[PDB]
């Protein structure tokens, strides 16, 4: 077709005008209609059998790189892994099996806590991650002169934490492991600002990974200073079958990538029937409140106004015999809260509202495909 | 020179003749002929693809001889300018890079690099630690063990 | 509820009982397992005393770049006694990073409050004032040892409520990131505090880029207010090179007499430090550390820079140092000058004593370029009053021999170019104690061609996955592995040879013709255990369905890498390519 | 300033009625020069007096107090230019400096004509180059607001105009490995992101835009007078790219 | 066609340009000046408009007084009166 294939020469030469007769418009409906269960059947056979023996031998080669990375984490370098393929099974085998026992032995008993962080999850929140880090470090919380008139308490406590840890002994006491640092909810500027200032602290060791090809566009001179990555290419052509769970693969990637409701569809498939009857009751009651309050077909994502309050919800699931009391209700709610499939917050009157963060069209699709089959 | 000559047809007996003196084997010479027969209708200069395929294959088939002997990398481009009838070497290097773009993804050029173990100039065992970024990779600052092999043989016969 | 589907879970991993060893350092045994353990731990602690001696001085340097900058801004913030007394003294800090603290005077019978405003703290003009009036009322009760409305009426009631007059200082942090409608309206708001007879305002602008960009943004009547007294203070780590010359000289003091710097390394330092002009000194330190980390990790001869370990010398050390290219040039020089064979044979390995006695001679030379560069930099400083010079490219041109061809640009060293002349000499065995990048490790680890390493692994992929020959005829798919590419690598060359907008269905068929039809269906049948998978294989439609399943997880993997746009939502039939190789 | 000079110049032949008339005639002269610039302001005239009264006093001597026409010709260079303003304009990197130039090209040249201007390489395979613009447009698009471009067009025009790195050292062993044209390493994206935080490259305004998305387009916001100062620093002639479109 | 008239420079007309803005001869292009109530004026103060962030000479403005009205007010004895008609 084109004479040039790669340079700016190939960019300028392949972006030509195609004529209307020269366009061969074939709809993708002219294809074998593939069921979802045989999609998973053929994919799990090729991902577990096609090139294991090259990928296993490649993983034995780059396992000899592990003391060379550990020498870099003891010198204050954050450590970014790029390449083509899934880097997830590499990253949590290096950081849990190799890295964490060998820092602890070199500081002489228990291992270093290894907070790993799934950034391919589109529901990854930076305030919940920082809630986890202050449980592990237990920093001195922020005095009144330090909270500077609606200052950001997450950023202003890291800056107190840097000045504290500039005088502590140089010992790794946390390893935060960021899978897909350029993932959908973690590529935002408030998340990167958190993790850059948190990377200045030499007492915690950053081990991160990126999949997108324009990932270095995400760090300017100030963020690349605080990070000071050393970059490592680990191409291994792994399938990424866990990253292809929060995002529908039957639609080839036009599932909007930031919903999180497609990843919720995977969570419902292996639950209790009494935990699916509750969540079905929660969806159907909020679906009543979205069609009432909005008066609008178009996609608005469900928030606190459309949510059920908690004491009214306990009456709904006691008549349908899901929950016997308030505590057994709250014990099977929190498994949805930790996966952020349901949120609990209070309004301006004290009503404790429970609500599902998905749009109306994603809420009726989810109600029919997994929940209403019983 | 033949590099400036345009829209001239190349018989199979000539594109073999260009690589018969380089002593490229059967399977290297036939896939040069097959690659020419695809693009033969769409080339501006046919001799630029013919010299570019043969040079890219002679750096791969004879890479094992080229590591020990740095003389031959100057030999082949000096031999190439006289047979394409060009004056200086800059057009010959220019036609290597242009044909390297066209056959970098092809299946036979991959199997040519796996068999002769070249991987644009390296081994596999030496290029995978160069791509991983190992600090234990080889640095070309010392002479190699096989180049010190033939230096040690030569000097002892220059001793006595 | 798997942990793989959660976000941010915490592993408390299990550590084994005891691995029988005090081997818990990241250095490995070199010489392919011929190096002793006592050499590995010596090379570890000889690294840390050469690493810490470098960072004890760099931390001393960085503490001087702030103590100088606190004092240079404080000479200029105070004592400009204007006789008109109805304006503010403005301090433009050209190119300043906003990470400098400003200490104000104590200076009793006067309040000196410092009010710092970031562009995140400035969404609009009333939020600039309510934070500024909170920061002075909170910092005046801190020095005092009822509530006030936070507005500019606190400035007029300041003597009537605290008894001392005011001197407030504004420190705008990222003024290139603030919008200039708000900052213009806030300076005009502070202009209304010049009727109160007991206050003086002082603005400090941390302009990271330029003054010419700022005066095109502010309105013209504000610049006429800012010009009654302003002071431009150039604040940079890169001005006059005077702090980059101190960190690089601090590096050369640590490796004085024990490590050399190749000019291929020094001009790499010199080129990469010019590509980042705002943060040079952290990036100068990062490259000198990672090359120093690289040396002690890779050279078994790293233990031979203190003389107490020369009495250890072994046989595998003797087989590896003799391939140094200067050492062959020395034996070549003894061939060409002295005819007999025995003195050269006493140098070589057939004399077991002589070669290891030959290496103890050449370790103690000073190798005097490290002191001579410090000699030139001090002499060219105080004699000629020259400030604007790199010591880095002075050290680079000194390694080559182009010293006087570098000094002629100042045109005042013509009476001194003969006494400062120095031709370097190649010492023997200097390749074993040196810092160089001829392998390409620093421009792969610190400055990688990121996207070009992605498309090369996609397109080529033979440099990545091992092509193995014995083990494949045993396994389930090794008849398929020699004839079929990995699907991300197969789809990328169909991606690469295509135009900008491509139909998915035509891109599916063009993918499907590349695959072997008989051996995919032979591979899908070679597992006898899955009955559900063998039922798909009996269908006549088996290859057309396996090819689509295998296509559309790679067309999915190319989207979240960013290689493919789905043009024109509501249509979902054709895609646009984002990424070209080579760019 | 008027007080000090008259005793220190040793011309002590003056009264208050000359003191008042020398300052009054300056005000009538500072208005009659700069009324067309300020208008009917009071506060702009009050700034141009006190910015130009210390410079008007220091040019008086014995022949200048008594005759007003002689003093105006001895102070002519401060009644012609207002000067209400306070090496290179930016201290940007050498590849940040060519990445605003390529941003200014992508945002005012059209994408349709780029293959005719920047292409230089010989064709192994038959094909026709782009013909270029057939006729000039009389809008001069640099007057107009800059248009949006994609991130890959910027990186294509960046290496089209970036100077030759790794120059050929006349070696056949060295000429293959060189890759004389510059690829986008970690510094090109780090300097493009730094150029965005400095508000020199703009985007479409959405709260928490993602850099890493197909939909986000980019545009430059520097004027022509800044990118002209930038282009003369790196000896790049950006005016020839815009001379052929209308000027 | 014609003593001479001074042509003021690009840096000097900037002050003249900003006075015609603040005298309501030029308005910002699609501008909402004062809001109806207090909450709409508060919502607008937290939004950061585009014309603020684009450079000075690139802001699109519009026109309070059109040229056909501008010919009728300016007297016939001005030297600029011939340029109040295309």
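For this structure, a couple of remarks:
Should a chain be cited, it is by its letter among A, B, C, D and E, assigned in written order, with residues numbered from 1 in that chain.
Here is the rule we go by: a contact is a pair of C-beta atoms (placed from the backbone, for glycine too) under 8 Å apart; a residue touches a chain by one contact, two chains touch by 3 or more.
Farthest from chain B, judged by the mean position of CA atoms in each chain, is E. With centres defined as mean CA coordinates, chain E is found 23 Å away from chain D. Distance between chain centres (mean CA atoms), chain B to chain D: 50 Å. Chain C and chain D have CA centres that are 31 Å apart. We define each chain's centre as the mean of its Cα atoms; on that basis chain B and chain C are separated by 37 Å. Within chain A, residues 2, 4-8, 11, 15, 58, 61, 68, 212, 214-216, 221-222, 231-233, 235 each touch two or more of the remaining chains. Shown for chain E are the residues in touch with two or more other chains, namely 15, 48, 53, 55-56. Under the contact definition stated at the top, the residues of chain C that touch 2 or more other chains are 28, 216, 220-221, 276, 278, 293, 297, 444-446, 448, 450-451, 453, 457, 464, 466-467, 496-497, 562, 566, 579-580, 582-583. Pairwise, the chains that touch each other are A-B, A-C, A-D, B-C, B-D, C-D, C-E, D-E.
For chain B in complex with chain A, the residues that touch the partner chain are 101-102, 128-129, 131-136.
Taken in their complex, chain B has these residues touching chain C: 104-106, 110, 113-114, 119, 124, 127-128, 130-131, 133, 135-145, 148, 151, 155, 158-160.
Interface of chain B with chain D (complex): residues 39, 42-45, 48-49, 52, 70, 73-74, 77, 89, 93-94, 96-99, 102, 121.
In the complex of the two chains, the chain C residues touching chain D come out as 84, 95, 176-177, 208-213, 215-216, 220-221, 223-227, 230, 236, 238, 272, 274-278, 443, 446-452, 562, 565-566, 578-580, 582-583. Remark: chain A residues 1-2, 5-8, 10-11, 14-16, 18, 24-28, 30-32, 34, 38-39, 41-43, 45-46, 49-55, 57-58, 61, 67-68, 70-72, 74-75, 77, 82-85, 96-97, 100-102, 104-106, 109-111, 113-119, 121, 123-125, 128-129, 132, 136, 145, 148-149, 151-152, 211-216, 221-222, 225, 228, 230-233, 235-237, 239-240, 242-245, 247, 249-254, 257, 263, 266-267, 335, 338-340 touch chain C in the complex.
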